[PDB]
Amino acid sequence: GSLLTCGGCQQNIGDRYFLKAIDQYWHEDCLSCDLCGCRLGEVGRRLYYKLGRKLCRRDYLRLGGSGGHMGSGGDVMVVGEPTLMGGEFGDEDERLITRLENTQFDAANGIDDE
Ligand SMILES: [Zn+2]
Ligand SMILES: [Zn+2]
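Structure determination for the deposited model, as stated in its record, used solution NMR.

Looking up the protein in the PDB entry gives the name Fusion of Rhombotin-2 and LIM domain-binding protein 1, with the organism given as Mus musculus. Here the PDB entry's recorded title is "Structure of FLIN2, a complex containing the N-terminal LIM domain of LMO2 and ldb1-LID".

Following this line, the structure appears as structure tokens:
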């Protein structure tokens, strides 16, 4: 039933896996980005968010940072590589949420629990 509550849909996390870090709990497909429209970086480490926004550093950099361009990343030769392309970098200290498991991870119904 109801174990944790996600801050994205707030419909409770009865899943087997779940994500959390900001200050509350989330969902795997709920914890998305605000403005870039990506999916941060689900490699548990640090996290980047504002007072009341789960907005990226690059998102924050797009309006109140130093970017606001198309070419994102570090200024390096364009060979078709991730991150390093322009100026609005990536993560490292960004929303690297910890992909955790639920206490009732059981999963009595496959990708659905009781
Ligand atoms: Zn949710
Ligand atoms: Zn973003």
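That shown, we press on.
Engineer: Sorry if this is basic, but what is going on with the coordination of the zinc ion (ligand 2) here?
Structural biologist: When a metal holds four donors in a tetrahedron, each ideal angle between them is 109.5 degrees; when it holds six in an octahedron, the ideal angles are 90 or 180 degrees. At this site the zinc ion (ligand 2) is bound by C33 (SG), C36 (SG), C56 (SG) and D59 (OD), with donor distances of 2.0 to 2.3 Å. Around the zinc ion (ligand 2), the four donor atoms are arranged such that angles at the metal cover 100 to 120°; this shape is classified as tetrahedral.

Engineer: Before we go on, may I ask you to explain the layout of surface pockets in this structure?
Structural biologist: One way to see where empty space is left: roll a probe the size of a water molecule over the atoms. In this structure, the largest pocket spans a volume of roughly 270 Å³. What lines the largest pocket is a set of 16 residues, among which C36, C38, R58, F89 and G90 lie closest to the centre.

The rules behind each value
Residues numbered from 1 in each chain as written, not as in the entry; some residues may be left out. Chains lettered and ligands numbered in written order. Heavy atoms only, no water. Donors = N, O, S within 2.8 Å, 3.2 Å for Na, K, Ca; no water. Tetrahedral: all angles 85-135°; square planar, octahedral: opposite > 155°, others 65-115°. 1 Å grid on protein atoms, 1.4 Å probe; cavity = no way out; pocket = protein on both sides within 12 Å on 5 of 7 lines; lining within 4 Å. Points joined across faces, edges and corners; volume = space filled by probe spheres on them.

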